[PDB]
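Notes follow once the structure below has been shown.
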Amino acid sequence: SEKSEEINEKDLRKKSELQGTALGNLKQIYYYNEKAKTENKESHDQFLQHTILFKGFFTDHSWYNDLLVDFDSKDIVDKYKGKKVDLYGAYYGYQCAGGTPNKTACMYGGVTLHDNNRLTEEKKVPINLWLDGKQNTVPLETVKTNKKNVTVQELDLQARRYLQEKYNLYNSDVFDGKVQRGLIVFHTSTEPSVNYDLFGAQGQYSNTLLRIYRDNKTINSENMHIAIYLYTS
Amino acid sequence: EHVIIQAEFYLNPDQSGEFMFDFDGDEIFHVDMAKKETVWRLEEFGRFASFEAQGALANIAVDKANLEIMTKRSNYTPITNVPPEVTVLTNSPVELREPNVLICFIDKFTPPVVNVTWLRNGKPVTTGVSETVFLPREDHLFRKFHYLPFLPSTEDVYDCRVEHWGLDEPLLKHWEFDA
Amino acid sequence: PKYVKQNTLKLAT
Amino acid sequence: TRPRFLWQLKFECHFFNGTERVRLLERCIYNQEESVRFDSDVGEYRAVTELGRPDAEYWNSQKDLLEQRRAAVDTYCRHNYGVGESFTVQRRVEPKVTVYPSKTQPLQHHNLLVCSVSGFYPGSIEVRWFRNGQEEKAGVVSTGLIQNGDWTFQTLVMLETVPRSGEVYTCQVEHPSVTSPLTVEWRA
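Order-wise, the sequence lines are chains A, B, C and D.
For the first sequence, the residue numbers in this note's numbering are 589 to 821.
For the second sequence, the residue numbers in this note's numbering are 97 to 275.
For the third sequence, the residue numbers in this note's numbering are 17 to 29.
For the fourth sequence, the residue numbers in this note's numbering are 6 to 193.
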């Protein structure tokens, strides 16, 4: 963690700065929307070379039947192609192409290795929150995860669902959404920490709103914890 | 008098593809599939026109799709390798202690997969080296480019290293200032 | 001035 | 290494006399064999090798798709043409002309001269030689139009001779980027 008068300093973007339906799409992506999560999958199926397509991945969905995962490089694809894999991200439809025409959805990262990644016991990720420096008590069940090397995405998609349920993070100022700013640190000990401005999301649609997860970052679950600082200023 | 070409391709098993426009043999622009952004040859072209990169991304989805079909109907007959022709060249008559740029024109080759590497006295380089996507020709093979900037000398000898699948051994092309 | 691409079609299945 | 399979797709716009005449030529190629194509001058798809068959009969069926592929001469070819007209068609850069000898020699022992135009665009170029004001169509061996790919050309028109003192050679170059042909003279 750190001081809320110093994290209070860094130049986070504001909710002020959000052009159009963007906000509603963060509340869309994070709160209402569905998201992938299905263990032991496979494939060396792609569209272009930075991707991996999961031919016939969705079963009982009114539109899609394929989910195409977008990585930064072939390099990153070679770690997961044709190997046992687990997904856990927020997918989408508008713009997306590569799978069965019109019936395909896109994602960004959220992929971990399967073999030897299950934990002996479900890991409850400890979250420390701050509502104007004034720490608040957020339950342990909030962020769970069974993987050892969990993806930064899998944890975030969850915490980002709490901040909505508890603080209406993405609801307009009208529909009471006091928080004008907020950050989120995924705290690991033996590795560099992951920092995510809560309103520093670029673009208006899911296609960019999800890019943050394109590097497909994966951290070590245990010993870890989360940190959240929100600001009404 | 003039000809524009919306040429594009998808290749298996490389699972690689490309989409670019052409004006009389000069790439006008191409889409960076990965970054999903249109890349104007000369930065200038962009302060003027445009191109919804998103569009190319979708066309190619179909191409991939058409290849699968055709490959099957053709009863899995594969492409026949065709070795390129390299021809090192320069931007302008080399002048000692006067900047220049070594061109490596790869040509008349297919499929669209070729490795190129720049050697300065045997060693590799990254001195402002860029290339050009695969350009189209009337016979449907490909014509490529590679540029390497450099300040002339007699204290140096350069070479264009070109690896392709039609070649029985890498292709070396030496260039050196003559006095 | 917007460049317009030409949509590629699906072959005979 | 493994076998390769390829699919190439080209949409061609042949512009004759500016825009007064256009011809769209959609071409489908597998590996390196064009299997099916559309031609504004024919109006419909047509196979060009047995593999093309299914396709042709197909598409031409949707008179709806055909109708489009026929108007594409105005919404695509013509439209695109004027989109980049300014930086492509109009594109003009004045060449740089230079003269020098290949292998400095002891005058009058037959030599070779090389004019090195460089910087080009468009390509259509001319470069005659003139020994003492007299044009020569004899001994002007040229490398040809060399395209650099950065939107610039550079040809090298050489001339073989025998350096008699006093003779004044000159390389003239007419280019659409210059109102008056450029020139450069060299003393023997």
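For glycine and all other residues, C-beta sits at the position ideal for the given N, C-alpha and C.
{"Query": "Reduced DSSP category for residue 653 (chain A) - H, G, I as helix; E, B as strand; rest coil", "Result": "coil"}
{"Query": "Cβ separation of residue 56 (chain D) and residue 40 (chain D), assumed to be a contact under 8 Å, to the nearest whole Å", "Result": "5 Å"}
{"Query": "Three-state class that DSSP yields for residue 262 (chain B) in the structure shown", "Result": "coil"}
{"Query": "Check whether residue 787 (chain A) and residue 781 (chain A) have beta carbons under 8 Å apart", "Result": "no"}
{"Query": "Rounded distance between the beta-carbons of residue 196 (chain B) and residue 253 (chain B), thought under 8 Å", "Result": "With a Cβ gap of about 14 Å, residue 253 (chain B) and residue 196 (chain B) do not count as contacting."}
{"Query": "Members of the region 8-24 of chain D that neighbour chain F once the beta carbon cut-off is set at 7 Å", "Result": "No chain F appears in the structure shown, which is made up of the protein chains A, B, C and D."}
{"Query": "Cβ-based contacts, 8 Å cut-off: residues of the region 100-127 of chain B near chain A", "Result": "110, 111, 112, 113"}
{"Query": "Cα-Cα separation between residue 130 (chain B) and residue 150 (chain B), rounded to whole angstroms", "Result": "11 Å"}
{"Query": "C-beta atoms of residue 10 (chain D) and residue 165 (chain B) nearer than 8 Å", "Result": "no"}
{"Query": "C-beta neighbour in chain B for residue 54 (chain D), strict 8 Å", "Result": "no"}
{"Query": "Proximal residues to residue 53 (chain D) (C-beta, below 8 Å), its chain only, five neighbours per side dropped", "Result": "39, 40, 41, 42"}
{"Query": "Length of the line joining the Cα atoms of residue 108 (chain D) and residue 119 (chain D)", "Result": "11 Å"}
{"Query": "Short Cβ contact (8 Å threshold) for residue 201 (chain B) with residue 185 (chain B)", "Result": "yes"}
{"Query": "Status (buried if at least 16 other CB within 10 Å, exposed otherwise) for residue 815 (chain A)", "Result": "buried"}
{"Query": "Residue 192 (chain D) (DSSP reduced to helix, strand or coil)", "Result": "strand"}
{"Query": "Chain B contact for residue 6 (chain D) (CB, 8 Å cutoff)", "Result": "yes"}
{"Query": "Neighbouring residues, chain B, relative to residue 823 (chain A) (Cβ below 7 Å)", "Result": "The structure shown does not extend to residue 823 (chain A), since chain A spans only 589 to 821, so no value can be given for it."}
{"Query": "Limits of the unbroken alpha helix (DSSP H) element including residue 151 (chain B)", "Result": "150-169"}
{"Query": "Cβ pair residue 45 (chain D), residue 83 (chain D) closer than 8 Å", "Result": "no"}
{"Query": "Contact set between residue 151 (chain B) and chain C, taken where Cβ atoms lie within less than 7 Å", "Result": "21"}
{"Query": "Beta carbon proximity, residue 103 (chain D) to chain B, threshold 8 Å", "Result": "yes"}
{"Query": "Cβ contact check for the region 690-700 of chain A and the region 649-665 of chain A: 3 or more pairs under 8 Å", "Result": "yes"}
{"Query": "Residue 77 (chain D), DSSP secondary structure in three states", "Result": "helix"}
{"Query": "Where residue 33 (chain D) falls: helix, strand or coil (DSSP)", "Result": "strand"}
{"Query": "Contact with chain A by residue 166 (chain B), beta-carbon distance below 8 Å", "Result": "no"}
{"Query": "Residue 769 (chain A) - DSSP class collapsed to helix/strand/coil", "Result": "strand"}
{"Query": "Beta-carbon proximity of residue 92 (chain D) to residue 140 (chain B), cut-off 8 Å", "Result": "yes"}
{"Query": "Through-space distance from residue 112 (chain B) to residue 690 (chain A), alpha-carbon basis", "Result": "22 Å"}
{"Query": "Cβ-Cβ distance between residue 760 (chain A) and residue 811 (chain A) below 8 Å", "Result": "no"}
{"Query": "Contacts that residue 145 (chain B) makes with chain D (C-beta to C-beta distance below 7 Å)", "Result": "88, 89"}
{"Query": "Chain-ordered neighbours of residue 156 (chain D) on chain B, where CB pairs are closer than 8 Å", "Result": "122, 137, 138"}
{"Query": "Sub-8 Å separation of residue 668 (chain A) and residue 741 (chain A) beta-carbons", "Result": "no"}
{"Query": "Cβ neighbour criterion (16 or more within 10 Å) applied to residue 591 (chain A)", "Result": "exposed"}
{"Query": "Cutoff 8 Å; reference residue 224 (chain B); Cβ partners in own chain excluding five residues on either side", "Result": "244, 245"}
{"Query": "Neighbourhood of residue 128 (chain D) by C-beta distance below 7 Å, restricted to the same chain and skipping five residues each side", "Result": "150, 158"}
{"Query": "Minimum C-alpha distance to residue 12 (chain D) - residue among D:25, D:37, D:22, D:156", "Result": "D:37"}
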